Amino acid sequence: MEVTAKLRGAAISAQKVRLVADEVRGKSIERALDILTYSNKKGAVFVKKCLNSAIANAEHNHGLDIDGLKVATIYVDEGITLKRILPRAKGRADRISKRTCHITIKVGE
RNA sequence: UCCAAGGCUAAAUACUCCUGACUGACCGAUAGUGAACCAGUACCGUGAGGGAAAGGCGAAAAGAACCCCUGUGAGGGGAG
């Protein structure tokens, strides 16, 4: 069976998190945790948090053997964007989008 | 045909800030008032003035006790 965890609302771009998600998609739980704990990217702490929560759900709610799990699916979607104003020169203003991301991870044997 | 250089005179006529009742081949949230919502507000302007956006869980809050991951965070998964 497939055990899910969701991390709706990470304060980071989905583009910046998809690079991290592409390197753990399909890996075993142990290898994925190694990649995430030694990544230099900020998206990896979010992905590691969501993955650890999914593994905890699989151990606790579903009673699965953690040693045989793997990151069966993972995808990052775009969340709600905060809109801000950045002043520029000559009295002009640009809109700034502070993007967020939703991280969905599904572990499975 | 009528008697200025004295004064008056209701009704039938005009209108709606409003009160009551009732109606609509009027609108239904970019519409209908600018304004269904804490709106002439926020915001802009020295000022006169200009002037927004923004409604809906469910029949009933019964609005998720408790457990788990997490930083007693967010967010989620079970349970209900």
Side-chain angles (χ1 to χ4, degrees):
Chain A
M1 63 135 64
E2 205 95 324
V3 177
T4 215
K6 303 180 169 146
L7 205 151
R8 312 201 29 120
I12 184 173
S13 264
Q15 205 193 144
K16 304 200 187 108
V17 187
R18 302 223 178 90
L19 293 175
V20 184
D22 291 351
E23 319 286 335
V24 298
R25 179 177 299 117
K27 317 297 206 224
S28 72
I29 281 322
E30 188 202 347
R31 173 78 186 130
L33 285 185
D34 278 330
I35 294 163
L36 295 175
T37 183
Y38 288 102
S39 175
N40 275 357
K41 292 305 222 156
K42 189 185 97 172
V45 330
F46 283 121
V47 174
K48 190 189 177 163
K49 208 186 262 313
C50 188
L51 183 58
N52 276 327
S53 176
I55 299 153
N57 291 346
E59 205 215 17
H60 184 265
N61 305 329
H62 298 249
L64 293 183
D65 189 6
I66 262 51
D67 203 359
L69 285 172
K70 141 180 133 295
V71 184
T73 101
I74 179 173
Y75 39 80
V76 196
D77 299 334
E78 277 149 6
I80 297 175
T81 286
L82 305 183
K83 323 243 179 104
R84 304 295 177 231
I85 294 299
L86 183 100
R88 308 298 301 240
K90 313 266 197 72
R92 305 201 56 290
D94 299 336
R95 179 111 270 189
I96 288 290
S97 85
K98 287 181 124 303
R99 315 182 171 275
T100 56
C101 76
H102 303 323
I103 303 167
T104 297
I105 300 177
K106 286 161 158 135
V107 300
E109 70 275 14

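In what follows, chains are A, B, ... by sequence order, proteins preceding strands, each numbered from 1. Any value given below was found using the heavy atoms of this structure, including those in side chains, with hydrogens, waters and symmetry copies removed.
The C1' atoms of B:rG50 and B:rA39 are separated by 14 Å, rounded to the nearest whole Å. Annotation: B:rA14 and B:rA25 have their P atoms spaced 25 Å apart (nearest Å). Nucleotides B:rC3 and B:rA12 place their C1' atoms 30 Å apart, quoted to the nearest Å. Separation of the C1' atoms belonging to B:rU33 and B:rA52 is 15 Å when rounded to the nearest angstrom. A gap of 9 Å separates the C1' atoms of B:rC57 and B:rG63, to the nearest Å. Spacing of P atoms, B:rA36 relative to B:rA31, comes out at 11 Å, to the nearest Å. When the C1' atom is used for both B:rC38 and B:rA54, the distance is 12 Å, rounded to whole Å. Rounded to a whole angstrom, the distance from the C1' atom of B:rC17 to that of B:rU9 is 32 Å.
Consecutive bases B:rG28 and B:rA29 are counted as unstacked, their six-membered rings not meeting the limits of centres under 5.5 Å apart and planes tilted under 30°. The six-membered rings of B:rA64 and B:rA65 are unstacked by the 5.5 Å centre and 30° plane criterion. For the consecutive nucleotides B:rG51 and B:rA52, the six-membered rings of the bases fall outside the stacking limits of 5.5 Å between centres and 30° between planes. Here B:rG24 and B:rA25 show unstacked bases; the six-membered rings are not both centred less than 5.5 angstrom apart and angled under 30°. In this strand, B:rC37 does not stack on its neighbour B:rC38 by the test of ring centres under 5.5 angstrom and planes under 30 degrees.
Here the side chains of A:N57 and A:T4 are not in contact, with every heavy-atom distance at 4.5 Å or above. Side-chain contact between A:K6 and A:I103 is absent, with no heavy atoms from C-beta onward closer than 4.5 Å. Residues A:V24 and A:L51 fail the side-chain proximity criterion, which asks for heavy atoms closer than 4.5 Å. Counting only heavy atoms from C-beta outward, the side chains of A:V47 and A:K41 never approach each other to under 4.5 Å.
The pentose of B:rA29 belongs to the south class of puckers. Its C1'-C2'-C3'-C4' angle has a negative sign. A negative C1'-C2'-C3'-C4' angle places the sugar of B:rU72 in the south (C2'-endo) family. B:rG51: sugar pucker north (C1'-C2'-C3'-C4' torsion positive). Judged by the sign of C1'-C2'-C3'-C4', the sugar at B:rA52 is north, the angle being positive. With its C1'-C2'-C3'-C4' torsion below zero, B:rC38 shows a south sugar pucker.
Within 4.0 Å (heavy atoms only), A:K49 reaches at least one base atom of the nucleic acid.
Between the A:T100 side chain and the A:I80 main chain, a donor and an acceptor come within less than 3.5 Å of each other. In this structure, the side chain of A:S97 does not engage the main chain of A:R99 through any donor-acceptor pair within 3.5 Å.
Comparing A:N57 and A:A54 by the nucleotide of RNA chain B that holds the closest heavy atom to each, the one mapping nearer the 5' end is A:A54. Nearer the 5' end of RNA chain B, as judged by each residue's closest nucleotide, is the contact made by A:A56, out of A:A56 and A:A5.
Expressed to the nearest 0.5 Å, how far CZ of A:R18 lies from OG of A:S13 amounts to 9.5 Å.
In this structure, B:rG75 forms a base pair with B:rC69, meeting either the Watson-Crick or the G-U wobble geometry with both donor-acceptor distances under 3.5 Å.
Close approach of RNA chain B to chain A, defined as any atom under 4.0 Å from a non-hydrogen atom of the protein, starts and stops at B:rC67 to B:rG78.
Taking 4.0 Å as the cut-off between side-chain N and carboxylate O, A:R25 and A:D22 count as a salt-bridged pair.
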